[PDB]
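One file, entry17.txt, is given below (compact mmCIF, C-alpha atoms).
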# COMPACT_ATOMS: atom_id res chain seq x y z
CA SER A 28 3.95 -13.97 19.67
CA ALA A 29 6.09 -11.59 21.72
CA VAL A 30 5.92 -8.81 19.12
CA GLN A 31 2.14 -9.07 18.87
CA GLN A 32 1.80 -8.84 22.66
CA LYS A 33 3.89 -5.66 22.66
CA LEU A 34 1.92 -4.14 19.78
CA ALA A 35 -1.35 -4.87 21.60
CA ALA A 36 0.06 -3.16 24.71
CA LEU A 37 1.13 -0.16 22.62
CA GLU A 38 -2.36 0.01 21.13
CA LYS A 39 -4.00 -0.17 24.56
CA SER A 40 -1.81 2.66 25.86
CA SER A 41 -2.66 4.85 22.85
CA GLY A 42 -6.47 4.70 23.01
CA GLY A 43 -6.70 4.18 19.26
CA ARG A 44 -6.74 1.38 16.69
CA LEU A 45 -3.38 0.23 15.30
CA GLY A 46 -2.73 -1.83 12.18
CA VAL A 47 0.73 -3.19 11.28
CA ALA A 48 2.09 -5.39 8.54
CA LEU A 49 5.74 -6.35 8.17
CA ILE A 50 7.18 -8.39 5.30
CA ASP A 51 10.72 -9.65 5.75
CA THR A 52 12.02 -10.29 2.24
CA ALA A 53 14.77 -12.55 3.60
CA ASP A 54 12.35 -15.48 4.03
CA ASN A 55 9.01 -13.89 2.98
CA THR A 56 7.82 -14.09 6.58
CA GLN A 57 5.10 -11.72 7.74
CA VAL A 58 4.11 -10.14 11.04
CA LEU A 59 0.55 -8.82 11.17
CA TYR A 60 -1.51 -6.88 13.68
CA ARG A 61 -5.10 -6.19 12.61
CA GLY A 62 -3.66 -7.06 9.21
CA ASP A 63 -7.05 -7.61 7.55
CA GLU A 64 -8.95 -4.66 9.01
CA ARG A 65 -9.66 -1.62 6.87
CA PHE A 66 -8.02 1.72 7.68
CA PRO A 67 -8.33 5.13 6.00
CA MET A 68 -5.33 5.52 3.69
CA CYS A 69 -5.23 9.32 3.64
CA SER A 70 -2.06 10.47 1.85
CA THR A 71 -0.53 6.97 1.70
CA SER A 72 -2.82 6.59 -1.35
CA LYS A 73 -0.51 8.94 -3.26
CA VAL A 74 1.95 6.09 -3.80
CA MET A 75 -0.64 4.22 -5.89
CA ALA A 76 -1.44 7.29 -7.99
CA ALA A 77 2.24 7.96 -8.69
CA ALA A 78 2.87 4.29 -9.51
CA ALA A 79 -0.09 4.28 -11.90
CA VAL A 80 1.36 7.21 -13.86
CA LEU A 81 4.76 5.48 -13.90
CA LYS A 82 3.08 2.41 -15.39
CA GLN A 83 1.60 4.56 -18.16
CA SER A 84 5.05 5.95 -18.93
CA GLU A 85 6.31 2.49 -19.90
CA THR A 86 4.33 2.84 -23.17
CA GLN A 87 4.22 6.68 -23.36
CA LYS A 88 7.96 7.20 -23.05
CA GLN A 89 7.74 11.00 -22.81
CA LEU A 90 4.78 11.11 -20.41
CA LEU A 91 6.70 12.24 -17.33
CA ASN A 92 7.96 15.36 -19.13
CA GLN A 93 4.48 16.49 -20.17
CA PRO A 94 3.64 19.97 -18.81
CA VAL A 95 0.45 20.36 -16.76
CA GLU A 96 -0.99 23.79 -15.99
CA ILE A 97 -1.56 24.83 -12.35
CA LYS A 98 -4.49 27.22 -12.16
CA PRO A 99 -5.74 29.09 -9.04
CA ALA A 100 -8.92 26.94 -9.09
CA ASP A 101 -6.76 23.78 -8.84
CA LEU A 102 -5.41 24.68 -5.41
CA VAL A 103 -6.97 22.86 -2.47
CA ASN A 104 -6.17 22.84 1.25
CA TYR A 105 -2.45 21.88 1.29
CA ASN A 106 -0.35 22.70 -1.80
CA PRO A 107 3.20 23.54 -0.67
CA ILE A 108 4.77 22.92 -4.11
CA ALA A 109 1.87 23.63 -6.48
CA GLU A 110 1.49 27.04 -4.81
CA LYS A 111 4.96 27.94 -6.16
CA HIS A 112 3.85 27.33 -9.75
CA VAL A 113 0.35 28.83 -10.01
CA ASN A 114 -0.30 30.26 -13.49
CA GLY A 115 2.66 28.20 -14.70
CA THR A 116 3.23 24.51 -15.39
CA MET A 117 4.71 21.48 -13.68
CA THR A 118 5.61 18.24 -15.42
CA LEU A 119 4.02 14.96 -14.39
CA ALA A 120 7.41 13.99 -12.92
CA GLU A 121 7.46 17.18 -10.84
CA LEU A 122 3.84 16.57 -9.76
CA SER A 123 4.63 12.98 -8.76
CA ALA A 124 7.63 14.14 -6.73
CA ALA A 125 5.53 16.84 -5.05
CA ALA A 126 2.75 14.42 -4.21
CA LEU A 127 5.18 11.88 -2.74
CA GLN A 128 7.85 13.96 -1.03
CA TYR A 129 5.80 16.92 0.20
CA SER A 130 2.31 15.33 0.29
CA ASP A 131 1.01 18.07 -2.02
CA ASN A 132 -2.74 17.62 -2.44
CA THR A 133 -3.03 19.58 -5.69
CA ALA A 134 -0.34 17.32 -7.18
CA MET A 135 -2.41 14.29 -6.15
CA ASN A 136 -5.54 15.66 -7.83
CA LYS A 137 -3.61 16.24 -11.05
CA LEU A 138 -2.35 12.65 -10.94
CA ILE A 139 -5.92 11.40 -10.41
CA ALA A 140 -7.10 13.47 -13.39
CA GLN A 141 -4.35 12.01 -15.59
CA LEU A 142 -5.64 8.53 -14.73
CA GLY A 143 -9.28 9.36 -15.51
CA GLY A 144 -10.60 9.75 -11.98
CA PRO A 145 -10.32 7.74 -8.77
CA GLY A 146 -11.59 4.70 -10.67
CA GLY A 147 -8.41 4.85 -12.73
CA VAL A 148 -6.21 4.65 -9.64
CA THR A 149 -8.22 1.73 -8.29
CA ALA A 150 -7.95 0.04 -11.70
CA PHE A 151 -4.17 0.03 -11.43
CA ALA A 152 -4.31 -1.63 -8.02
CA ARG A 153 -6.52 -4.36 -9.50
CA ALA A 154 -4.13 -4.76 -12.44
CA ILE A 155 -1.22 -5.61 -10.11
CA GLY A 156 -3.28 -8.01 -7.98
CA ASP A 157 -4.48 -5.75 -5.15
CA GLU A 158 -8.18 -6.54 -4.69
CA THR A 159 -8.43 -4.55 -1.44
CA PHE A 160 -7.29 -0.99 -2.21
CA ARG A 161 -10.11 1.38 -3.10
CA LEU A 162 -9.84 5.06 -3.97
CA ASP A 163 -13.23 6.73 -4.11
CA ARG A 164 -12.70 10.47 -3.69
CA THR A 165 -10.23 13.22 -4.57
CA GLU A 166 -8.36 15.60 -2.28
CA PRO A 167 -9.18 16.75 0.29
CA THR A 168 -12.36 14.78 1.04
CA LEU A 169 -10.63 11.40 0.86
CA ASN A 170 -9.20 12.20 4.32
CA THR A 171 -12.48 12.25 6.27
CA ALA A 172 -11.53 8.90 7.89
CA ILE A 173 -15.05 8.27 9.22
CA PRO A 174 -15.25 5.11 11.40
CA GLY A 175 -16.72 2.21 9.45
CA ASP A 176 -16.72 4.03 6.10
CA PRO A 177 -15.10 1.76 3.46
CA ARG A 178 -14.28 4.64 1.07
CA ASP A 179 -10.57 5.33 0.47
CA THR A 180 -9.39 2.41 2.62
CA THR A 181 -7.11 -0.57 2.42
CA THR A 182 -5.76 -3.14 4.85
CA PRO A 183 -2.20 -3.34 6.23
CA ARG A 184 -1.66 -6.75 4.65
CA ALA A 185 -2.77 -5.57 1.21
CA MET A 186 -0.72 -2.37 1.26
CA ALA A 187 2.43 -4.16 2.43
CA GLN A 188 2.20 -6.70 -0.38
CA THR A 189 1.52 -4.01 -2.96
CA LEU A 190 4.32 -1.73 -1.74
CA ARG A 191 6.68 -4.71 -1.95
CA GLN A 192 5.62 -5.36 -5.56
CA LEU A 193 6.03 -1.72 -6.61
CA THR A 194 9.46 -1.12 -5.06
CA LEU A 195 11.27 -4.45 -4.72
CA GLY A 196 9.23 -6.54 -7.18
CA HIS A 197 8.55 -6.07 -10.88
CA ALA A 198 5.06 -4.59 -11.08
CA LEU A 199 6.81 -1.66 -12.78
CA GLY A 200 9.54 -1.47 -15.39
CA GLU A 201 13.12 -1.14 -14.18
CA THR A 202 13.49 2.59 -14.84
CA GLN A 203 10.07 3.28 -13.31
CA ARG A 204 10.76 1.19 -10.20
CA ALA A 205 14.10 2.92 -9.63
CA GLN A 206 12.38 6.30 -9.99
CA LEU A 207 9.75 5.35 -7.41
CA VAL A 208 12.42 4.16 -4.97
CA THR A 209 14.36 7.41 -5.43
CA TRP A 210 11.21 9.46 -4.76
CA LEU A 211 10.34 7.53 -1.58
CA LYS A 212 13.89 7.76 -0.23
CA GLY A 213 13.70 11.53 -0.69
CA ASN A 214 10.52 12.00 1.34
CA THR A 215 10.61 15.05 3.61
CA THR A 216 7.63 14.38 5.90
CA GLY A 217 8.63 11.16 7.64
CA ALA A 218 11.28 12.04 10.22
CA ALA A 219 9.00 11.54 13.24
CA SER A 220 7.15 8.41 12.06
CA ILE A 221 8.59 5.00 11.12
CA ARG A 222 12.08 6.48 10.67
CA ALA A 223 12.15 7.65 14.29
CA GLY A 224 11.89 4.08 15.60
CA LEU A 225 14.65 2.54 13.47
CA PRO A 226 18.46 2.48 13.73
CA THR A 227 19.87 5.66 12.21
CA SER A 228 22.05 3.64 9.82
CA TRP A 229 19.10 2.03 8.00
CA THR A 230 17.94 3.52 4.71
CA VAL A 231 14.20 4.21 4.59
CA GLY A 232 11.82 5.29 1.84
CA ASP A 233 8.34 6.10 3.11
CA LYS A 234 5.06 7.91 2.51
CA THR A 235 3.13 9.38 5.46
CA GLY A 236 -0.56 10.07 5.72
CA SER A 237 -2.79 11.94 8.09
CA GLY A 238 -6.43 12.86 8.31
CA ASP A 239 -9.46 13.32 10.51
CA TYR A 240 -10.09 11.09 13.54
CA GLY A 241 -6.42 11.58 14.43
CA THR A 242 -5.49 9.26 11.59
CA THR A 243 -1.70 8.87 11.40
CA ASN A 244 -0.16 6.52 8.82
CA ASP A 245 3.21 5.65 7.34
CA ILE A 246 4.26 3.05 4.78
CA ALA A 247 7.91 2.29 4.26
CA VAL A 248 10.50 0.20 2.48
CA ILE A 249 13.54 -0.36 4.69
CA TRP A 250 17.08 -1.34 3.66
CA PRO A 251 19.05 -2.50 6.71
CA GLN A 252 22.83 -2.63 6.49
CA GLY A 253 23.98 -6.04 5.25
CA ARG A 254 20.50 -7.52 5.51
CA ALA A 255 17.55 -8.12 3.20
CA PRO A 256 15.08 -5.22 2.90
CA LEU A 257 11.83 -5.05 4.83
CA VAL A 258 8.43 -3.55 4.01
CA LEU A 259 6.56 -2.03 6.96
CA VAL A 260 3.06 -0.53 7.00
CA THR A 261 1.70 1.22 10.12
CA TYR A 262 -1.86 2.60 10.23
CA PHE A 263 -3.43 4.31 13.23
CA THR A 264 -6.78 5.97 13.85
CA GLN A 265 -8.68 7.23 16.87
CA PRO A 266 -12.26 7.54 18.16
CA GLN A 267 -12.48 11.36 18.36
CA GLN A 268 -13.17 13.36 15.19
CA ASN A 269 -10.78 16.10 16.41
CA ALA A 270 -7.98 13.89 17.80
CA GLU A 271 -4.39 15.03 17.35
CA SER A 272 -1.92 13.13 15.21
CA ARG A 273 0.12 10.45 16.97
CA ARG A 274 3.30 9.98 14.93
CA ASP A 275 4.98 8.69 18.11
CA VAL A 276 2.79 5.58 17.95
CA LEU A 277 4.15 4.74 14.50
CA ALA A 278 7.71 5.27 15.73
CA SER A 279 7.07 2.98 18.70
CA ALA A 280 5.53 0.26 16.56
CA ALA A 281 8.56 0.35 14.26
CA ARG A 282 10.85 0.10 17.29
CA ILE A 283 8.95 -2.97 18.56
CA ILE A 284 9.24 -4.60 15.12
CA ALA A 285 12.94 -3.76 14.79
CA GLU A 286 13.57 -5.52 18.12
CA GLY A 287 12.75 -8.71 16.20

Go ahead and render the structure in this file as structure tokens.
Amino acid sequence: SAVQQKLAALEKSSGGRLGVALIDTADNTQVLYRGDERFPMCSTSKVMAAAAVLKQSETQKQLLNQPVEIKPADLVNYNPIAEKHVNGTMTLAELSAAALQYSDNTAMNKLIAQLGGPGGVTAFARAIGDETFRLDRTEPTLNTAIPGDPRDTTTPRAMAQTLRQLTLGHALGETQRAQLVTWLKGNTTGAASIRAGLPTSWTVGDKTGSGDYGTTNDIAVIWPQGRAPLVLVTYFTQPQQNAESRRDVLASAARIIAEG
């Protein structure tokens, strides 16, 4: 197809490995590029951890308001929000917002602990029908992005279907789903990724990710004006362990898709 030819050309020009999955909810059509290859998730995994805690709050109605203590030993390599609350508390809602909208790594580790370890995050993926997602490590080592390593990976196809379920489907309760959508729409880290390749009038909710091997990811739900929403996953990784991030590649892939 024309779009797949253009994505292959983009990939060739970039020197890396690009994975794309689009779901058009108007007719449930899909566009895939390396859709079944594994990619390191890096911070895009935070969506699954937040969704898992939201699922627990359907039975534990007060769970999101529960205070969690931030201690100096909790801080890892990137904690822009948790840093502001050391020796104090943050609620699970505040931690979920920090993990999603600022990519706070301490917030992620607190969410993982609430779920009983990485196996608890993976369990939630299995419970909603995602047999591909695997979370194996905590922050920050889940970002090592070593070529061929299956740890902390998923495929574009799997993540697109799961993100659709979480945000536009009914894997979560109504209040929980609306909360997740609100969080994603309020992301602060995505301006140069998928959003940069789309018409400025479209509403986007996304979660970015980045890691070693120049790994540069973004997953997004898109609400075009007067048109059914889309789900778009873009994963990108490179051969050099010290390669720079390439958010422009994600923007260009979104632009190629939007031309459809």

Select, from A:134, A:95, A:221, A:81, the residue with the minimum atom-to-atom distance to residue 109 of chain A, counting all atoms listed in the file.
A:134

Give the answer as one residue: which of A:41, A:51, A:103, A:239 has the shortest atom-to-atom distance to residue 171 of chain A, using all atoms listed in the file?
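Comparing A:41, A:51, A:103, A:239 against residue 171 of chain A, the winner is A:239.
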
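Minimum atom-to-atom distance to residue 125 of chain A, evaluated using all atoms listed in the file, belongs to A:216 out of A:267, A:216, A:225, A:203.
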
Proximity of segment 164-200 of chain A to segment 241-248 of chain A: per-residue shortest pair, 10 Å limit, only C-alpha atoms, as a tab-separated table:
residue	atom	partner	partner_atom	distance
A:170	CA	A:242	CA	8.7
A:171	CA	A:242	CA	9.3
A:172	CA	A:242	CA	7.1
A:173	CA	A:242	CA	9.9
A:183	CA	A:246	CA	9.2
A:186	CA	A:246	CA	8.2
A:187	CA	A:246	CA	7.8
A:190	CA	A:248	CA	7.7
A:191	CA	A:248	CA	7.6
A:194	CA	A:248	CA	7.7
A:195	CA	A:248	CA	8.6

Find, counting all atoms listed in the file, the residue in A:236, A:174, A:213, A:287 that gets nearest to residue 262 of chain A.
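When distances to residue 262 of chain A are compared using all atoms listed in the file, the smallest one comes from A:236.
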
For the interface of segment 91-169 of chain A with segment 70-79 of chain A (cut-off 12 Å, counting all atoms listed in the file), please tabulate each contacting residue of segment 91-169 of chain A alongside its nearest pair of atoms and their separation in Å to one decimal, rows sorted by chain and increasing number, as a tab-separated table.
residue	atom	partner	partner_atom	distance
A:91	CA	A:77	CA	10.6
A:105	CA	A:70	CA	11.4
A:119	CA	A:77	CA	9.2
A:120	CA	A:77	CA	9.0
A:121	CA	A:77	CA	10.8
A:122	CA	A:77	CA	8.8
A:123	CA	A:77	CA	5.6
A:124	CA	A:77	CA	8.4
A:125	CA	A:73	CA	10.1
A:126	CA	A:73	CA	6.4
A:127	CA	A:73	CA	6.4
A:128	CA	A:73	CA	10.0
A:129	CA	A:70	CA	10.3
A:130	CA	A:70	CA	6.7
A:131	CA	A:70	CA	9.1
A:132	CA	A:70	CA	8.4
A:133	CA	A:73	CA	11.2
A:134	CA	A:73	CA	9.3
A:135	CA	A:73	CA	6.4
A:136	CA	A:76	CA	9.3
A:137	CA	A:76	CA	9.7
A:138	CA	A:76	CA	6.2
A:139	CA	A:76	CA	6.5
A:140	CA	A:76	CA	10.0
A:141	CA	A:76	CA	9.4
A:142	CA	A:79	CA	7.5
A:143	CA	A:76	CA	11.1
A:144	CA	A:76	CA	10.3
A:145	CA	A:76	CA	8.9
A:146	CA	A:76	CA	10.8
A:147	CA	A:79	CA	8.4
A:148	CA	A:76	CA	5.7
A:149	CA	A:75	CA	8.3
A:150	CA	A:79	CA	8.9
A:151	CA	A:79	CA	5.9
A:152	CA	A:75	CA	7.2
A:153	CA	A:75	CA	11.0
A:154	CA	A:79	CA	9.9
A:155	CA	A:79	CA	10.1
A:157	CA	A:75	CA	10.7
A:160	CA	A:72	CA	8.8
A:161	CA	A:72	CA	9.1
A:162	CA	A:72	CA	7.6
A:163	CA	A:72	CA	10.8
A:164	CA	A:72	CA	10.9
A:165	CA	A:72	CA	10.5
A:166	CA	A:70	CA	9.1
A:167	CA	A:70	CA	9.6
A:168	CA	A:70	CA	11.2
A:169	CA	A:70	CA	8.7

Would you mind exporting the chosen residues as a PDB file, in the frame of the given file, restricted to C-alpha atoms?
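Result file selection-v2.pdb:
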ATOM      1  CA  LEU A  91       6.700  12.240 -17.330  1.00  0.00           C
ATOM      2  CA  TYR A 105      -2.450  21.880   1.290  1.00  0.00           C
ATOM      3  CA  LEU A 119       4.020  14.960 -14.390  1.00  0.00           C
ATOM      4  CA  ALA A 120       7.410  13.990 -12.920  1.00  0.00           C
ATOM      5  CA  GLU A 121       7.460  17.180 -10.840  1.00  0.00           C
ATOM      6  CA  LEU A 122       3.840  16.570  -9.760  1.00  0.00           C
ATOM      7  CA  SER A 123       4.630  12.980  -8.760  1.00  0.00           C
ATOM      8  CA  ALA A 124       7.630  14.140  -6.730  1.00  0.00           C
ATOM      9  CA  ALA A 125       5.530  16.840  -5.050  1.00  0.00           C
ATOM     10  CA  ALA A 126       2.750  14.420  -4.210  1.00  0.00           C
ATOM     11  CA  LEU A 127       5.180  11.880  -2.740  1.00  0.00           C
ATOM     12  CA  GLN A 128       7.850  13.960  -1.030  1.00  0.00           C
ATOM     13  CA  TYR A 129       5.800  16.920   0.200  1.00  0.00           C
ATOM     14  CA  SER A 130       2.310  15.330   0.290  1.00  0.00           C
ATOM     15  CA  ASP A 131       1.010  18.070  -2.020  1.00  0.00           C
ATOM     16  CA  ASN A 132      -2.740  17.620  -2.440  1.00  0.00           C
ATOM     17  CA  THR A 133      -3.030  19.580  -5.690  1.00  0.00           C
ATOM     18  CA  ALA A 134      -0.340  17.320  -7.180  1.00  0.00           C
ATOM     19  CA  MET A 135      -2.410  14.290  -6.150  1.00  0.00           C
ATOM     20  CA  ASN A 136      -5.540  15.660  -7.830  1.00  0.00           C
ATOM     21  CA  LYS A 137      -3.610  16.240 -11.050  1.00  0.00           C
ATOM     22  CA  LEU A 138      -2.350  12.650 -10.940  1.00  0.00           C
ATOM     23  CA  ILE A 139      -5.920  11.400 -10.410  1.00  0.00           C
ATOM     24  CA  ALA A 140      -7.100  13.470 -13.390  1.00  0.00           C
ATOM     25  CA  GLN A 141      -4.350  12.010 -15.590  1.00  0.00           C
ATOM     26  CA  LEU A 142      -5.640   8.530 -14.730  1.00  0.00           C
ATOM     27  CA  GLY A 143      -9.280   9.360 -15.510  1.00  0.00           C
ATOM     28  CA  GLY A 144     -10.600   9.750 -11.980  1.00  0.00           C
ATOM     29  CA  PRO A 145     -10.320   7.740  -8.770  1.00  0.00           C
ATOM     30  CA  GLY A 146     -11.590   4.700 -10.670  1.00  0.00           C
ATOM     31  CA  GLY A 147      -8.410   4.850 -12.730  1.00  0.00           C
ATOM     32  CA  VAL A 148      -6.210   4.650  -9.640  1.00  0.00           C
ATOM     33  CA  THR A 149      -8.220   1.730  -8.290  1.00  0.00           C
ATOM     34  CA  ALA A 150      -7.950   0.040 -11.700  1.00  0.00           C
ATOM     35  CA  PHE A 151      -4.170   0.030 -11.430  1.00  0.00           C
ATOM     36  CA  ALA A 152      -4.310  -1.630  -8.020  1.00  0.00           C
ATOM     37  CA  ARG A 153      -6.520  -4.360  -9.500  1.00  0.00           C
ATOM     38  CA  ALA A 154      -4.130  -4.760 -12.440  1.00  0.00           C
ATOM     39  CA  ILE A 155      -1.220  -5.610 -10.110  1.00  0.00           C
ATOM     40  CA  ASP A 157      -4.480  -5.750  -5.150  1.00  0.00           C
ATOM     41  CA  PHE A 160      -7.290  -0.990  -2.210  1.00  0.00           C
ATOM     42  CA  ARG A 161     -10.110   1.380  -3.100  1.00  0.00           C
ATOM     43  CA  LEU A 162      -9.840   5.060  -3.970  1.00  0.00           C
ATOM     44  CA  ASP A 163     -13.230   6.730  -4.110  1.00  0.00           C
ATOM     45  CA  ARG A 164     -12.700  10.470  -3.690  1.00  0.00           C
ATOM     46  CA  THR A 165     -10.230  13.220  -4.570  1.00  0.00           C
ATOM     47  CA  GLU A 166      -8.360  15.600  -2.280  1.00  0.00           C
ATOM     48  CA  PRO A 167      -9.180  16.750   0.290  1.00  0.00           C
ATOM     49  CA  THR A 168     -12.360  14.780   1.040  1.00  0.00           C
ATOM     50  CA  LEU A 169     -10.630  11.400   0.860  1.00  0.00           C
TER      51      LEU A 169
END

Best match for closeness to residue 211 of chain A among A:235, A:40, A:87, A:228, counting all atoms listed in the file:
A:235

Could you pull segment 48-104 of chain A out of the block above and save it with C-alpha atoms, as a PDB file, in the first residue's frame?
ATOM      1  CA  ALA A  48      -0.055   0.456  14.170  1.00  0.00           C
ATOM      2  CA  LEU A  49      -3.142   2.490  13.318  1.00  0.00           C
ATOM      3  CA  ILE A  50      -6.705   1.490  14.176  1.00  0.00           C
ATOM      4  CA  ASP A  51      -9.446   3.507  12.516  1.00  0.00           C
ATOM      5  CA  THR A  52     -12.507   3.050  14.725  1.00  0.00           C
ATOM      6  CA  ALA A  53     -14.800   4.154  11.874  1.00  0.00           C
ATOM      7  CA  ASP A  54     -14.593   0.723  10.200  1.00  0.00           C
ATOM      8  CA  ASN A  55     -12.120  -1.126  12.490  1.00  0.00           C
ATOM      9  CA  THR A  56      -9.550  -1.065   9.703  1.00  0.00           C
ATOM     10  CA  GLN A  57      -5.875  -1.327  10.601  1.00  0.00           C
ATOM     11  CA  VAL A  58      -2.614  -0.148   9.071  1.00  0.00           C
ATOM     12  CA  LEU A  59       0.481  -1.973  10.308  1.00  0.00           C
ATOM     13  CA  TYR A  60       4.210  -1.598   9.779  1.00  0.00           C
ATOM     14  CA  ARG A  61       6.342  -4.171  11.596  1.00  0.00           C
ATOM     15  CA  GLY A  62       3.125  -4.632  13.560  1.00  0.00           C
ATOM     16  CA  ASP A  63       4.142  -7.975  15.087  1.00  0.00           C
ATOM     17  CA  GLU A  64       7.761  -7.191  15.962  1.00  0.00           C
ATOM     18  CA  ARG A  65       8.736  -6.537  19.559  1.00  0.00           C
ATOM     19  CA  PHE A  66       9.922  -3.077  20.625  1.00  0.00           C
ATOM     20  CA  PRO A  67      11.080  -1.766  24.018  1.00  0.00           C
ATOM     21  CA  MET A  68       8.117   0.026  25.601  1.00  0.00           C
ATOM     22  CA  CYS A  69      10.097   2.354  27.865  1.00  0.00           C
ATOM     23  CA  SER A  70       7.703   4.870  29.461  1.00  0.00           C
ATOM     24  CA  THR A  71       4.728   3.870  27.278  1.00  0.00           C
ATOM     25  CA  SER A  72       4.393   1.037  29.834  1.00  0.00           C
ATOM     26  CA  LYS A  73       3.153   3.599  32.367  1.00  0.00           C
ATOM     27  CA  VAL A  74      -0.287   3.568  30.731  1.00  0.00           C
ATOM     28  CA  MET A  75      -0.734  -0.097  31.692  1.00  0.00           C
ATOM     29  CA  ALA A  76       0.340   0.517  35.299  1.00  0.00           C
ATOM     30  CA  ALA A  77      -2.051   3.450  35.663  1.00  0.00           C
ATOM     31  CA  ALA A  78      -4.897   1.481  34.059  1.00  0.00           C
ATOM     32  CA  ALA A  79      -4.252  -1.431  36.412  1.00  0.00           C
ATOM     33  CA  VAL A  80      -4.649   0.820  39.460  1.00  0.00           C
ATOM     34  CA  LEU A  81      -7.811   2.304  37.944  1.00  0.00           C
ATOM     35  CA  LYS A  82      -9.189  -1.223  37.577  1.00  0.00           C
ATOM     36  CA  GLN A  83      -8.532  -1.863  41.280  1.00  0.00           C
ATOM     37  CA  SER A  84     -10.421   1.311  42.166  1.00  0.00           C
ATOM     38  CA  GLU A  85     -13.642  -0.110  40.699  1.00  0.00           C
ATOM     39  CA  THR A  86     -13.899  -2.339  43.808  1.00  0.00           C
ATOM     40  CA  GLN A  87     -11.844  -0.186  46.231  1.00  0.00           C
ATOM     41  CA  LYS A  88     -13.826   3.000  45.708  1.00  0.00           C
ATOM     42  CA  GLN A  89     -11.485   5.188  47.789  1.00  0.00           C
ATOM     43  CA  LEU A  90      -8.229   3.763  46.411  1.00  0.00           C
ATOM     44  CA  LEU A  91      -7.226   6.773  44.334  1.00  0.00           C
ATOM     45  CA  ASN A  92      -7.304   9.049  47.399  1.00  0.00           C
ATOM     46  CA  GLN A  93      -4.978   6.824  49.431  1.00  0.00           C
ATOM     47  CA  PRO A  94      -1.817   8.685  50.535  1.00  0.00           C
ATOM     48  CA  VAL A  95       1.550   7.149  49.639  1.00  0.00           C
ATOM     49  CA  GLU A  96       4.769   8.358  51.279  1.00  0.00           C
ATOM     50  CA  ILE A  97       7.640   9.633  49.089  1.00  0.00           C
ATOM     51  CA  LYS A  98      10.942   8.938  50.810  1.00  0.00           C
ATOM     52  CA  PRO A  99      14.424  10.042  49.632  1.00  0.00           C
ATOM     53  CA  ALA A 100      15.291   6.382  48.904  1.00  0.00           C
ATOM     54  CA  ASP A 101      12.313   6.170  46.510  1.00  0.00           C
ATOM     55  CA  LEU A 102      13.743   8.727  44.106  1.00  0.00           C
ATOM     56  CA  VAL A 103      15.332   7.345  40.950  1.00  0.00           C
ATOM     57  CA  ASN A 104      16.784   9.036  37.866  1.00  0.00           C
TER      58      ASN A 104
END
